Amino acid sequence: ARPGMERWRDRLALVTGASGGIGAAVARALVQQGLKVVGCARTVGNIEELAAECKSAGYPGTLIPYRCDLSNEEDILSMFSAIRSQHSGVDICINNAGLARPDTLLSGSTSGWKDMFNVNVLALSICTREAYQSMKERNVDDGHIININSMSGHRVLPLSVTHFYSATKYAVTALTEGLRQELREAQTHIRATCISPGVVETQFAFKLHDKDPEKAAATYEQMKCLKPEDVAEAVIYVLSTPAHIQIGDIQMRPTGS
């Protein structure tokens, strides 16, 4: 394993939105590094497929698929309860699931705004709380919570269909800093970090533009983009840092963008 990842061997990571994109790349990378990974999403079949690939590849870690709709609070609580009932717990929580719906501020549907909040902010916060509560009861003083933010959490770009999304990522910027603060107040060494990528070639733009597949291809064919593996490598760097270092944010963009 990568230098600095030894101490995480066999410890359990949760990766939300592991059925594709960034989350699948992060899950793959943690399993390559010898972690037990619970990966969750709606499209559980993709996670099972990834786990089978990890097993065929001979990786030291294990990917454990779990079906969970993050828009459903009980689904999340049930997942954490299932982990607890099994005498286990999450030591690393990667809050990766997220989405944009093309609901502008001047004419957007309230349902799309709610959907963005439900996953990007509320589910991220419920997972953060439940992961922390499990660490606490297990006397884990050195776990790590990593939120997948965005450059859109730091500046608002003049694309109307992502304005509300950008506002949810601004919330993630503030939540990650507030989290760091509460973990200090609780007198722990549990770490909190954001990773803030620019455009990454995943299914994200295809879901945003679900009524205009061509507009989604052009986000990606026309621009140099990051790859989900690049974000996964940033997560590996953050986890591999020794315990007294707390990476607050890594802002990353495609070169020349």
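Note that residue numbering begins at 1 and tracks the sequence as displayed.
Across the two stretches, 214-222 and 184-192, the PDB entry reports the greater mean Cα temperature factor for 214-222.
The PDB entry records a higher mean C-alpha B factor for 5-13 than for its counterpart among 21-29 and 5-13. Compared with the other modelled residues of the chain, the Cα B-factor recorded for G112 ranks in the lowest third. Ranked by C-alpha B-factor against the other modelled residues of its chain, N46 falls in the middle third. Among the modelled residues of its chain, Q133 has a C-alpha B-factor that falls in the lowest third according to the deposited record. In the deposited entry, the Cα temperature factor of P65 sits in the bottom third of values across the chain's modelled residues.
Per the deposited record, the Cα B-factor of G143 falls in the lowest third when ranked against the other modelled residues of its chain.
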